[PDB]
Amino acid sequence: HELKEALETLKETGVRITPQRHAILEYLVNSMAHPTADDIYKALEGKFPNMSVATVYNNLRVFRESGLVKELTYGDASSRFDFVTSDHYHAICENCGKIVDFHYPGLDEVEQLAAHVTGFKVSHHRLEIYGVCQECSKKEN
């Protein structure tokens, strides 16, 4: 569950889970578009007397610093905000079934080309690399 995992990230990164923060995350997880701060404000202000466009931007900054949101900029336009779903990279042993997680700094080139050729709007990716782990390789010479 995406909201549950976002809240876990906040707790882990020491961010207070305020009602406004919860509501902004909920909005972001449920929205398909990349909203502006004004969009978020318009949607939520009716339930938060002390919410302002400033308060929305301030929270979005906290989220960006926690890795939950990316800020999209264009020309003279107000920023838009993309909720981030994690990518995953795994090495999988074909002999013993061992799975090892690793880190790689993104696959922008592939994602950009895939978006173009398939017409999809891209969220995130999972890469599985198959082969033989160090232990099995040693065993099999």
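In case it trips you up, residue 1 is the first one in the sequence shown, and so on.
- If you average the C-alpha B-factors over 22 to 30 and over 51 to 59, the higher value belongs to 22 to 30.
- The mean C-alpha temperature factor is higher for 11 to 19 when 119 to 127 and 11 to 19 are set side by side.
- Residue set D87, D76, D39, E111: peak C-alpha B-factor at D76 (per PDB entry).
- Ranked by C-alpha B-factor against the other modelled residues of its chain, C96 falls in the middle third.
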